[PDB]
>>> print(open('work_34.txt').read())   # compact mmCIF, N, CA and C atoms and all ligand atoms
# COMPACT_ATOMS: atom_id res chain seq x y z
N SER S 1 83.28 173.81 87.74
CA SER S 1 82.28 173.31 86.80
C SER S 1 82.81 172.13 85.98
N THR S 2 83.16 172.35 84.71
CA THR S 2 83.74 171.28 83.89
C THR S 2 84.97 171.77 83.13
N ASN S 3 85.92 170.89 82.98
CA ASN S 3 87.09 171.14 82.15
C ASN S 3 86.74 170.85 80.69
N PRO S 4 87.40 171.50 79.74
CA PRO S 4 87.24 171.12 78.34
C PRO S 4 87.93 169.79 78.10
N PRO S 5 87.62 169.11 77.00
CA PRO S 5 88.47 168.01 76.58
C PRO S 5 89.89 168.50 76.44
N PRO S 6 90.87 167.66 76.76
CA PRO S 6 92.28 168.07 76.66
C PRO S 6 92.68 168.23 75.21
N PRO S 7 93.78 168.93 74.93
CA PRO S 7 94.29 168.99 73.56
C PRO S 7 94.59 167.59 73.04
N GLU S 8 94.33 167.36 71.76
CA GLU S 8 94.61 166.04 71.20
C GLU S 8 96.11 165.78 71.21
N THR S 9 96.48 164.51 71.38
CA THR S 9 97.88 164.11 71.31
C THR S 9 98.16 163.25 70.09
N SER S 10 97.14 162.98 69.28
CA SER S 10 97.29 162.28 68.02
C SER S 10 96.06 162.61 67.19
N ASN S 11 96.16 162.35 65.90
CA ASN S 11 95.04 162.61 65.01
C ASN S 11 95.25 161.78 63.75
N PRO S 12 94.26 160.98 63.35
CA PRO S 12 94.46 160.11 62.18
C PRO S 12 94.68 160.87 60.88
N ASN S 13 94.21 162.11 60.79
CA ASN S 13 94.29 162.86 59.54
C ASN S 13 95.44 163.84 59.48
N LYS S 14 96.20 164.01 60.55
CA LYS S 14 97.30 164.95 60.53
C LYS S 14 98.59 164.22 60.18
N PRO S 15 99.28 164.60 59.11
CA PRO S 15 100.53 163.90 58.75
C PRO S 15 101.54 163.94 59.88
N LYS S 16 102.21 162.80 60.08
CA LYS S 16 103.15 162.58 61.17
C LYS S 16 104.58 162.65 60.65
N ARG S 17 105.51 163.05 61.52
CA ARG S 17 106.90 163.06 61.10
C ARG S 17 107.82 162.97 62.30
N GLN S 18 109.03 162.46 62.03
CA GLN S 18 110.17 162.52 62.93
C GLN S 18 111.29 163.24 62.21
N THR S 19 111.87 164.23 62.87
CA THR S 19 113.08 164.89 62.39
C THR S 19 114.08 164.88 63.54
N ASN S 20 115.36 165.11 63.21
CA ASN S 20 116.35 165.19 64.28
C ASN S 20 116.04 166.32 65.24
N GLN S 21 115.41 167.40 64.76
CA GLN S 21 115.05 168.49 65.66
C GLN S 21 113.95 168.06 66.62
N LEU S 22 112.94 167.35 66.12
CA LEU S 22 111.90 166.82 67.00
C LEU S 22 112.48 165.81 67.99
N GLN S 23 113.43 164.98 67.55
CA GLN S 23 114.06 164.05 68.47
C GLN S 23 114.80 164.79 69.58
N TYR S 24 115.48 165.88 69.23
CA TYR S 24 116.16 166.69 70.23
C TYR S 24 115.16 167.34 71.18
N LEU S 25 114.03 167.80 70.65
CA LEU S 25 113.01 168.40 71.50
C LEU S 25 112.51 167.40 72.55
N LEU S 26 112.37 166.13 72.17
CA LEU S 26 111.91 165.13 73.13
C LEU S 26 113.03 164.68 74.07
N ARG S 27 114.20 164.33 73.53
CA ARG S 27 115.21 163.69 74.37
C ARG S 27 116.00 164.69 75.20
N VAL S 28 116.16 165.92 74.72
CA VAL S 28 116.93 166.95 75.41
C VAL S 28 116.04 168.00 76.06
N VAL S 29 115.19 168.67 75.27
CA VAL S 29 114.44 169.81 75.79
C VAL S 29 113.35 169.36 76.76
N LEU S 30 112.45 168.50 76.30
CA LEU S 30 111.36 168.04 77.15
C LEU S 30 111.90 167.36 78.40
N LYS S 31 112.88 166.46 78.23
CA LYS S 31 113.42 165.74 79.38
C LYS S 31 114.01 166.70 80.41
N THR S 32 114.75 167.71 79.96
CA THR S 32 115.38 168.64 80.90
C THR S 32 114.33 169.42 81.69
N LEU S 33 113.28 169.87 81.01
CA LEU S 33 112.24 170.63 81.70
C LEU S 33 111.41 169.74 82.60
N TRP S 34 111.13 168.51 82.15
CA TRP S 34 110.21 167.63 82.86
C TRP S 34 110.70 167.33 84.28
N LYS S 35 112.01 167.22 84.47
CA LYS S 35 112.57 166.86 85.77
C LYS S 35 112.81 168.06 86.67
N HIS S 36 112.57 169.27 86.18
CA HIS S 36 112.79 170.46 86.99
C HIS S 36 111.85 170.46 88.19
N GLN S 37 112.34 171.02 89.30
CA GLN S 37 111.54 171.03 90.52
C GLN S 37 110.21 171.75 90.34
N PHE S 38 110.13 172.68 89.38
CA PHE S 38 108.92 173.46 89.12
C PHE S 38 108.04 172.87 88.01
N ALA S 39 108.40 171.71 87.46
CA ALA S 39 107.73 171.20 86.27
C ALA S 39 106.34 170.64 86.55
N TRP S 40 106.12 170.06 87.72
CA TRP S 40 104.91 169.26 87.93
C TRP S 40 103.58 169.97 87.67
N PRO S 41 103.39 171.26 87.99
CA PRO S 41 102.10 171.89 87.65
C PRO S 41 101.87 172.02 86.16
N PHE S 42 102.91 171.78 85.36
CA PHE S 42 102.85 171.90 83.91
C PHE S 42 102.88 170.54 83.22
N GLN S 43 102.85 169.45 83.98
CA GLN S 43 102.96 168.11 83.40
C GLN S 43 101.63 167.54 82.92
N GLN S 44 100.54 168.27 83.08
CA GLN S 44 99.22 167.81 82.65
C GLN S 44 98.34 169.04 82.47
N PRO S 45 97.22 168.91 81.76
CA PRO S 45 96.32 170.05 81.59
C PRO S 45 95.89 170.65 82.92
N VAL S 46 95.67 171.97 82.92
CA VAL S 46 95.14 172.64 84.10
C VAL S 46 93.77 172.07 84.42
N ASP S 47 93.62 171.54 85.63
CA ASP S 47 92.33 171.05 86.12
C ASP S 47 91.68 172.21 86.84
N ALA S 48 90.91 173.00 86.09
CA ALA S 48 90.30 174.20 86.65
C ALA S 48 89.27 173.86 87.72
N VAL S 49 88.70 172.66 87.66
CA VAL S 49 87.75 172.24 88.68
C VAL S 49 88.47 172.00 90.00
N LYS S 50 89.47 171.11 89.99
CA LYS S 50 90.17 170.78 91.23
C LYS S 50 90.93 171.98 91.79
N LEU S 51 91.45 172.85 90.93
CA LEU S 51 92.20 174.01 91.37
C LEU S 51 91.31 175.20 91.73
N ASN S 52 90.00 175.07 91.58
CA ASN S 52 89.06 176.16 91.85
C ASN S 52 89.42 177.42 91.06
N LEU S 53 89.53 177.25 89.74
CA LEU S 53 89.76 178.33 88.80
C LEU S 53 88.58 178.34 87.83
N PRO S 54 87.39 178.74 88.29
CA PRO S 54 86.20 178.62 87.42
C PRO S 54 86.28 179.42 86.14
N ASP S 55 87.10 180.47 86.09
CA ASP S 55 87.24 181.31 84.91
C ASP S 55 88.44 180.94 84.04
N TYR S 56 89.18 179.89 84.38
CA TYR S 56 90.42 179.60 83.64
C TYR S 56 90.14 179.42 82.15
N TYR S 57 89.17 178.57 81.81
CA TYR S 57 88.87 178.28 80.42
C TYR S 57 87.90 179.28 79.80
N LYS S 58 87.45 180.28 80.55
CA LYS S 58 86.84 181.45 79.94
C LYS S 58 87.90 182.40 79.39
N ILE S 59 89.10 182.37 79.97
CA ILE S 59 90.18 183.28 79.60
C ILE S 59 91.19 182.61 78.67
N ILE S 60 91.52 181.36 78.94
CA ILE S 60 92.53 180.62 78.19
C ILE S 60 91.80 179.73 77.19
N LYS S 61 91.84 180.10 75.91
CA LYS S 61 91.17 179.33 74.87
C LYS S 61 92.12 178.44 74.07
N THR S 62 93.42 178.52 74.30
CA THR S 62 94.39 177.63 73.66
C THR S 62 95.24 177.00 74.76
N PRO S 63 94.66 176.11 75.57
CA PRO S 63 95.44 175.52 76.66
C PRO S 63 96.54 174.62 76.13
N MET S 64 97.63 174.55 76.89
CA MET S 64 98.72 173.66 76.50
C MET S 64 99.53 173.34 77.74
N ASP S 65 100.15 172.16 77.74
CA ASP S 65 100.89 171.69 78.90
C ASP S 65 101.95 170.70 78.41
N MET S 66 102.95 170.44 79.27
CA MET S 66 104.07 169.58 78.86
C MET S 66 103.68 168.12 78.74
N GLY S 67 102.64 167.67 79.46
CA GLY S 67 102.18 166.31 79.27
C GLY S 67 101.66 166.10 77.87
N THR S 68 100.89 167.06 77.37
CA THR S 68 100.41 167.01 75.99
C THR S 68 101.57 167.06 75.01
N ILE S 69 102.53 167.96 75.25
CA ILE S 69 103.69 168.07 74.36
C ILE S 69 104.48 166.76 74.34
N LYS S 70 104.73 166.18 75.52
CA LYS S 70 105.47 164.92 75.60
C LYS S 70 104.80 163.83 74.76
N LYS S 71 103.48 163.69 74.89
CA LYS S 71 102.78 162.65 74.15
C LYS S 71 102.76 162.95 72.66
N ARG S 72 102.58 164.22 72.28
CA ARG S 72 102.67 164.60 70.87
C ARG S 72 104.02 164.19 70.28
N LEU S 73 105.11 164.48 70.99
CA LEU S 73 106.44 164.09 70.52
C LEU S 73 106.56 162.57 70.43
N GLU S 74 106.10 161.86 71.46
CA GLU S 74 106.17 160.40 71.45
C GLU S 74 105.36 159.81 70.31
N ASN S 75 104.26 160.45 69.93
CA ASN S 75 103.36 159.95 68.90
C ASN S 75 103.70 160.44 67.50
N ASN S 76 104.77 161.22 67.35
CA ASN S 76 105.13 161.82 66.06
C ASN S 76 104.00 162.69 65.51
N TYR S 77 103.28 163.35 66.41
CA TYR S 77 102.14 164.17 66.02
C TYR S 77 102.57 165.38 65.21
N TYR S 78 103.72 165.95 65.54
CA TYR S 78 104.17 167.16 64.88
C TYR S 78 104.80 166.83 63.53
N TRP S 79 104.63 167.75 62.58
CA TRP S 79 105.41 167.68 61.35
C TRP S 79 106.79 168.31 61.51
N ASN S 80 106.90 169.39 62.29
CA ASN S 80 108.18 170.09 62.38
C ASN S 80 108.39 170.63 63.79
N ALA S 81 109.63 171.05 64.04
CA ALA S 81 110.01 171.58 65.35
C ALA S 81 109.24 172.84 65.71
N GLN S 82 108.94 173.68 64.71
CA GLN S 82 108.23 174.93 65.00
C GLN S 82 106.89 174.67 65.67
N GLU S 83 106.17 173.62 65.25
CA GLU S 83 104.89 173.30 65.87
C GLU S 83 105.06 173.01 67.35
N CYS S 84 106.12 172.29 67.70
CA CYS S 84 106.36 171.93 69.09
C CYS S 84 106.79 173.15 69.91
N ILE S 85 107.73 173.93 69.37
CA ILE S 85 108.13 175.19 69.99
C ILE S 85 106.93 176.09 70.25
N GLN S 86 106.00 176.17 69.28
CA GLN S 86 104.79 176.96 69.48
C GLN S 86 103.99 176.47 70.68
N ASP S 87 103.90 175.15 70.86
CA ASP S 87 103.16 174.63 72.01
C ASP S 87 103.82 175.04 73.33
N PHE S 88 105.15 174.94 73.41
CA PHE S 88 105.84 175.41 74.61
C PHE S 88 105.54 176.89 74.86
N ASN S 89 105.66 177.72 73.82
CA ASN S 89 105.41 179.15 73.99
C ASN S 89 103.98 179.43 74.42
N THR S 90 103.02 178.67 73.88
CA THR S 90 101.63 178.83 74.29
C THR S 90 101.46 178.49 75.76
N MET S 91 102.09 177.40 76.22
CA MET S 91 102.02 177.03 77.63
C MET S 91 102.51 178.17 78.52
N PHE S 92 103.68 178.72 78.22
CA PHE S 92 104.21 179.81 79.04
C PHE S 92 103.30 181.04 78.97
N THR S 93 102.88 181.42 77.76
CA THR S 93 102.08 182.62 77.59
C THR S 93 100.75 182.52 78.33
N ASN S 94 100.09 181.36 78.27
CA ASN S 94 98.85 181.16 79.02
C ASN S 94 99.07 181.46 80.50
N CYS S 95 100.17 180.95 81.06
CA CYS S 95 100.44 181.17 82.47
C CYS S 95 100.61 182.65 82.77
N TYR S 96 101.30 183.37 81.89
CA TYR S 96 101.50 184.80 82.11
C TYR S 96 100.20 185.59 81.93
N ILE S 97 99.32 185.15 81.03
CA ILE S 97 98.07 185.86 80.80
C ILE S 97 97.11 185.65 81.97
N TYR S 98 96.98 184.41 82.44
CA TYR S 98 95.93 184.11 83.41
C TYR S 98 96.29 184.59 84.81
N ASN S 99 97.55 184.45 85.20
CA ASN S 99 97.94 184.63 86.59
C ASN S 99 98.51 186.02 86.85
N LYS S 100 98.36 186.47 88.09
CA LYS S 100 98.85 187.78 88.47
C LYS S 100 100.37 187.80 88.42
N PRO S 101 100.98 188.85 87.87
CA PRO S 101 102.45 188.91 87.84
C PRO S 101 103.01 188.77 89.24
N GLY S 102 104.14 188.07 89.34
CA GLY S 102 104.75 187.85 90.62
C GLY S 102 104.17 186.72 91.43
N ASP S 103 103.06 186.13 90.99
CA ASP S 103 102.56 184.90 91.60
C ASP S 103 103.61 183.80 91.49
N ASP S 104 103.56 182.87 92.43
CA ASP S 104 104.52 181.76 92.42
C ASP S 104 104.46 180.97 91.11
N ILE S 105 103.25 180.66 90.62
CA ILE S 105 103.15 179.89 89.38
C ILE S 105 103.81 180.63 88.22
N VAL S 106 103.79 181.97 88.25
CA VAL S 106 104.45 182.74 87.20
C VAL S 106 105.96 182.63 87.33
N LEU S 107 106.48 182.72 88.55
CA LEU S 107 107.91 182.54 88.76
C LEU S 107 108.36 181.15 88.33
N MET S 108 107.54 180.14 88.59
CA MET S 108 107.88 178.79 88.14
C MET S 108 107.94 178.73 86.62
N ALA S 109 106.92 179.27 85.95
CA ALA S 109 106.93 179.30 84.49
C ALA S 109 108.13 180.08 83.96
N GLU S 110 108.48 181.20 84.60
CA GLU S 110 109.62 181.99 84.14
C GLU S 110 110.92 181.20 84.25
N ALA S 111 111.08 180.42 85.32
CA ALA S 111 112.29 179.60 85.45
C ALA S 111 112.32 178.52 84.38
N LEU S 112 111.17 177.88 84.13
CA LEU S 112 111.12 176.85 83.09
C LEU S 112 111.38 177.45 81.72
N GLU S 113 110.86 178.66 81.47
CA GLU S 113 111.06 179.29 80.16
C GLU S 113 112.52 179.67 79.95
N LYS S 114 113.19 180.15 80.99
CA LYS S 114 114.61 180.45 80.86
C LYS S 114 115.39 179.20 80.47
N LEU S 115 115.10 178.08 81.13
CA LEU S 115 115.75 176.81 80.79
C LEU S 115 115.38 176.36 79.38
N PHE S 116 114.10 176.50 79.02
CA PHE S 116 113.66 176.16 77.66
C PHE S 116 114.46 176.94 76.62
N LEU S 117 114.59 178.25 76.82
CA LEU S 117 115.33 179.07 75.86
C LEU S 117 116.80 178.67 75.81
N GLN S 118 117.37 178.27 76.95
CA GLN S 118 118.75 177.81 76.94
C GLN S 118 118.91 176.55 76.10
N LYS S 119 117.96 175.61 76.21
CA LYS S 119 118.09 174.35 75.49
C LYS S 119 117.76 174.52 74.01
N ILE S 120 116.75 175.32 73.68
CA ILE S 120 116.43 175.47 72.27
C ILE S 120 117.45 176.32 71.54
N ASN S 121 118.27 177.10 72.25
CA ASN S 121 119.35 177.82 71.60
C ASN S 121 120.30 176.87 70.89
N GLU S 122 120.34 175.60 71.32
CA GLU S 122 121.23 174.60 70.74
C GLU S 122 120.49 173.59 69.88
N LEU S 123 119.29 173.92 69.43
CA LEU S 123 118.56 173.05 68.52
C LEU S 123 119.44 172.76 67.31
N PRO S 124 119.65 171.50 66.94
CA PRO S 124 120.51 171.20 65.80
C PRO S 124 119.84 171.62 64.51
N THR S 125 120.66 171.90 63.51
CA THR S 125 120.11 172.20 62.20
C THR S 125 119.48 170.95 61.60
N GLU S 126 118.59 171.17 60.63
CA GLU S 126 117.90 170.12 59.85
C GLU S 126 116.64 169.60 60.52
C1 LIG S 201 100.75 174.73 94.31
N1 LIG S 201 100.54 174.54 92.87
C2 LIG S 201 101.45 175.25 91.95
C3 LIG S 201 99.53 173.72 92.47
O1 LIG S 201 98.85 173.18 93.31
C4 LIG S 201 99.19 173.47 91.05
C5 LIG S 201 98.99 172.17 90.60
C6 LIG S 201 98.63 171.97 89.27
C7 LIG S 201 98.48 173.03 88.38
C8 LIG S 201 98.66 174.34 88.84
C9 LIG S 201 98.54 175.52 87.94
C10 LIG S 201 99.06 175.45 86.68
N2 LIG S 201 99.03 176.50 85.82
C11 LIG S 201 99.65 176.32 84.50
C12 LIG S 201 98.50 177.70 86.15
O2 LIG S 201 98.50 178.64 85.35
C13 LIG S 201 97.93 177.86 87.42
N3 LIG S 201 97.32 178.93 88.03
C14 LIG S 201 96.95 178.55 89.29
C15 LIG S 201 97.30 177.27 89.51
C16 LIG S 201 97.93 176.80 88.34
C17 LIG S 201 99.01 174.53 90.16
>>> encode(input="work_34.txt", output="structure tokens")
Amino acid sequence: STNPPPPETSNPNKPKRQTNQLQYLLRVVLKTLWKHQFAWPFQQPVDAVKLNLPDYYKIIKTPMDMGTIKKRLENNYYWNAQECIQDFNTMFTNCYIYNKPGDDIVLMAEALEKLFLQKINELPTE
């Protein structure tokens, strides 16, 4: 049928910021995940039309993807690291909620999440 509008990657009314933690999220965390062999299905919003998932956006009401996260980081959309971490967690959780356990897309998300947790374990202070 139709996809929703994608999550915003900028907003004129939302205060913008750069912190060293946000810089680390973009240059270390996002970059490491983006190049992973399993990253590509997560590099843009789920196209429920092209993927023939007519119920995807009936079930997933807070969609999130790494393409959106990357642009948010590039645009200084976030005020703090927690906002960005929340977006990553939402992306993984959506995949686990929508898809059958043990599906390939779930295994891909699980591998990306393990790597994500490894990199955020070293998030610098401040
Ligand atoms: C063979 N693959 C993995 C694909 O053609 C492809 C491509 C683009 C996106 C997605 C996809 C992403 N996400 C996050 C899902 O939860 C999901 N469920 C079913 C498909 C997807 C799958």
>>> closest_residue(input="work_34.txt", among="S:20, S:2, S:86, S:10", to="residue 74 of chain S", atoms="only C-alpha atoms")
S:10
>>> residues_near_ligand(input="work_34.txt", ligand="ligand LIG 201 (chain S)", cutoff="8 Å", atoms="all atoms listed in the file", output="mmCIF file with N, CA and C atoms, keeping the file's coordinate frame")
data_model
loop_
_atom_site.group_PDB
_atom_site.id
_atom_site.type_symbol
_atom_site.label_atom_id
_atom_site.label_comp_id
_atom_site.auth_asym_id
_atom_site.auth_seq_id
_atom_site.Cartn_x
_atom_site.Cartn_y
_atom_site.Cartn_z
ATOM 1 N N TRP S 40 106.120 170.060 87.720
ATOM 2 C CA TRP S 40 104.910 169.260 87.930
ATOM 3 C C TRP S 40 103.580 169.970 87.670
ATOM 4 N N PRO S 41 103.390 171.260 87.990
ATOM 5 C CA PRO S 41 102.100 171.890 87.650
ATOM 6 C C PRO S 41 101.870 172.020 86.160
ATOM 7 N N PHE S 42 102.910 171.780 85.360
ATOM 8 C CA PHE S 42 102.850 171.900 83.910
ATOM 9 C C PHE S 42 102.880 170.540 83.220
ATOM 10 N N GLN S 43 102.850 169.450 83.980
ATOM 11 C CA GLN S 43 102.960 168.110 83.400
ATOM 12 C C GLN S 43 101.630 167.540 82.920
ATOM 13 N N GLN S 44 100.540 168.270 83.080
ATOM 14 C CA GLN S 44 99.220 167.810 82.650
ATOM 15 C C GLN S 44 98.340 169.040 82.470
ATOM 16 N N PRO S 45 97.220 168.910 81.760
ATOM 17 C CA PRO S 45 96.320 170.050 81.590
ATOM 18 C C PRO S 45 95.890 170.650 82.920
ATOM 19 N N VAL S 46 95.670 171.970 82.920
ATOM 20 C CA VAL S 46 95.140 172.640 84.100
ATOM 21 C C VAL S 46 93.770 172.070 84.420
ATOM 22 N N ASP S 47 93.620 171.540 85.630
ATOM 23 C CA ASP S 47 92.330 171.050 86.120
ATOM 24 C C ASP S 47 91.680 172.210 86.840
ATOM 25 N N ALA S 48 90.910 173.000 86.090
ATOM 26 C CA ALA S 48 90.300 174.200 86.650
ATOM 27 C C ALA S 48 89.270 173.860 87.720
ATOM 28 N N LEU S 51 91.450 172.850 90.930
ATOM 29 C CA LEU S 51 92.200 174.010 91.370
ATOM 30 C C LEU S 51 91.310 175.200 91.730
ATOM 31 N N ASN S 52 90.000 175.070 91.580
ATOM 32 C CA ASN S 52 89.060 176.160 91.850
ATOM 33 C C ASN S 52 89.420 177.420 91.060
ATOM 34 N N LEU S 53 89.530 177.250 89.740
ATOM 35 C CA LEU S 53 89.760 178.330 88.800
ATOM 36 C C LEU S 53 88.580 178.340 87.830
ATOM 37 N N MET S 64 97.630 174.550 76.890
ATOM 38 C CA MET S 64 98.720 173.660 76.500
ATOM 39 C C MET S 64 99.530 173.340 77.740
ATOM 40 N N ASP S 65 100.150 172.160 77.740
ATOM 41 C CA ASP S 65 100.890 171.690 78.900
ATOM 42 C C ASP S 65 101.950 170.700 78.410
ATOM 43 N N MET S 91 102.090 177.400 76.220
ATOM 44 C CA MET S 91 102.020 177.030 77.630
ATOM 45 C C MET S 91 102.510 178.170 78.520
ATOM 46 N N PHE S 92 103.680 178.720 78.220
ATOM 47 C CA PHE S 92 104.210 179.810 79.040
ATOM 48 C C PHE S 92 103.300 181.040 78.970
ATOM 49 N N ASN S 94 100.090 181.360 78.270
ATOM 50 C CA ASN S 94 98.850 181.160 79.020
ATOM 51 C C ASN S 94 99.070 181.460 80.500
ATOM 52 N N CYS S 95 100.170 180.950 81.060
ATOM 53 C CA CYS S 95 100.440 181.170 82.470
ATOM 54 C C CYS S 95 100.610 182.650 82.770
ATOM 55 N N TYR S 96 101.300 183.370 81.890
ATOM 56 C CA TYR S 96 101.500 184.800 82.110
ATOM 57 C C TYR S 96 100.200 185.590 81.930
ATOM 58 N N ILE S 97 99.320 185.150 81.030
ATOM 59 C CA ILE S 97 98.070 185.860 80.800
ATOM 60 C C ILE S 97 97.110 185.650 81.970
ATOM 61 N N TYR S 98 96.980 184.410 82.440
ATOM 62 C CA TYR S 98 95.930 184.110 83.410
ATOM 63 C C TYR S 98 96.290 184.590 84.810
ATOM 64 N N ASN S 99 97.550 184.450 85.200
ATOM 65 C CA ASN S 99 97.940 184.630 86.590
ATOM 66 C C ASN S 99 98.510 186.020 86.850
ATOM 67 N N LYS S 100 98.360 186.470 88.090
ATOM 68 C CA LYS S 100 98.850 187.780 88.470
ATOM 69 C C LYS S 100 100.370 187.800 88.420
ATOM 70 N N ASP S 104 103.560 182.870 92.430
ATOM 71 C CA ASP S 104 104.520 181.760 92.420
ATOM 72 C C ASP S 104 104.460 180.970 91.110
ATOM 73 N N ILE S 105 103.250 180.660 90.620
ATOM 74 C CA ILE S 105 103.150 179.890 89.380
ATOM 75 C C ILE S 105 103.810 180.630 88.220
ATOM 76 N N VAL S 106 103.790 181.970 88.250
ATOM 77 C CA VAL S 106 104.450 182.740 87.200
ATOM 78 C C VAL S 106 105.960 182.630 87.330
ATOM 79 N N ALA S 109 106.920 179.270 85.950
ATOM 80 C CA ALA S 109 106.930 179.300 84.490
ATOM 81 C C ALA S 109 108.130 180.080 83.960
#
>>> residues_near_point(input="work_34.txt", point="(109.1, 170.8, 79.3)", cutoff="8 Å", atoms="all atoms listed in the file", output="list in words")
residues 29, 30, 31, 32, 33, 34, 35, 36, 39, 42, 43, 65, 66, 67, 69, 70, 88, 112 and 116 of chain S
>>> atom_distance(input="work_34.txt", atom1="atom CA of residue 126 of chain S", atom2="atom CA of residue 90 of chain S")
23.4 Å
>>> closest_residue(input="work_34.txt", among="S:76, S:107, S:22, S:87", to="residue 63 of chain S", atoms="all atoms listed in the file")
S:87
>>> closest_residue(input="work_34.txt", among="S:124, S:56, S:18, S:9", to="residue 72 of chain S", atoms="all atoms listed in the file")
S:9
>>> select_by_dssp(input="work_34.txt", residues="chain S", states="alpha helix (DSSP H)", output="PyMOL selection string")
chain S and resi 20-24+31-34+56-59+66-74+81-98+104-120
>>> atom_distance(input="work_34.txt", atom1="atom CA of residue 123 of chain S", atom2="atom CA of residue 101 of chain S")
29.7 Å
>>> closest_residue(input="work_34.txt", among="S:62, S:121, S:89, S:11", to="residue 75 of chain S", atoms="only N, CA and C atoms")
S:11
>>> atom_distance(input="work_34.txt", atom1="atom C of residue 55 of chain S", atom2="atom CA of residue 103 of chain S")
16.5 Å
>>> closest_residue(input="work_34.txt", among="S:68, S:93, S:125, S:82", to="residue 6 of chain S", atoms="only C-alpha atoms")
S:68
>>> closest_residue(input="work_34.txt", among="S:108, S:79, S:85, S:118", to="residue 25 of chain S", atoms="all atoms listed in the file")
S:85
>>> axis_aligned_box(input="work_34.txt", around="segment 38-41 of chain S", padding_each_side="3 Å", output="lines of an AutoDock Vina configuration file")
center_x = 106.0
center_y = 171.4
center_z = 87.8
size_x = 14.3
size_y = 10.2
size_z = 9.2
>>> decode(input="work_34.txt", residues="segment 46-93 of chain S", atoms="C-alpha atoms", output="CSV table (one decimal), in the first residue's frame")
chain,number,residue,atom,x,y,z
S,46,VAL,CA,11.8,-0.3,5.8
S,47,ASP,CA,10.0,-0.1,2.4
S,48,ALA,CA,7.0,-2.1,3.4
S,49,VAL,CA,5.6,-1.7,-0.2
S,50,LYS,CA,8.6,-3.1,-2.0
S,51,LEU,CA,9.3,-5.8,0.6
S,52,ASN,CA,5.6,-6.9,0.6
S,53,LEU,CA,5.1,-6.3,4.3
S,54,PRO,CA,1.6,-4.8,4.3
S,55,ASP,CA,1.3,-5.0,8.1
S,56,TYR,CA,4.8,-3.6,8.9
S,57,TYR,CA,3.6,-0.2,9.8
S,58,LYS,CA,0.5,-1.5,11.5
S,59,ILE,CA,2.8,-3.2,14.0
S,60,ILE,CA,5.8,-0.9,14.1
S,61,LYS,CA,4.8,2.6,15.1
S,62,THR,CA,8.3,4.0,15.9
S,63,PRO,CA,10.3,3.0,12.9
S,64,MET,CA,14.0,3.7,12.9
S,65,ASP,CA,17.0,2.9,10.7
S,66,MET,CA,20.7,3.7,10.4
S,67,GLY,CA,20.3,5.9,7.4
S,68,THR,CA,18.1,8.2,9.6
S,69,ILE,CA,20.5,8.0,12.5
S,70,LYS,CA,23.5,8.8,10.2
S,71,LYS,CA,21.8,11.9,8.9
S,72,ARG,CA,20.6,13.0,12.4
S,73,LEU,CA,24.2,12.8,13.5
S,74,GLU,CA,25.5,14.7,10.5
S,75,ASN,CA,22.8,17.4,11.0
S,76,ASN,CA,23.5,17.8,14.8
S,77,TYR,CA,19.8,16.8,15.3
S,78,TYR,CA,20.5,15.2,18.7
S,79,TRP,CA,21.1,17.1,21.9
S,80,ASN,CA,22.8,14.2,23.6
S,81,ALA,CA,24.2,10.7,23.1
S,82,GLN,CA,21.2,9.1,24.9
S,83,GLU,CA,18.9,10.2,22.1
S,84,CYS,CA,21.0,8.6,19.5
S,85,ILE,CA,21.5,5.4,21.5
S,86,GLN,CA,17.7,5.2,21.9
S,87,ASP,CA,17.3,5.3,18.1
S,88,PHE,CA,19.7,2.4,17.7
S,89,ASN,CA,17.9,0.4,20.4
S,90,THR,CA,14.5,1.2,18.7
S,91,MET,CA,15.9,0.0,15.3
S,92,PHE,CA,17.0,-3.4,16.9
S,93,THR,CA,13.8,-3.8,18.9
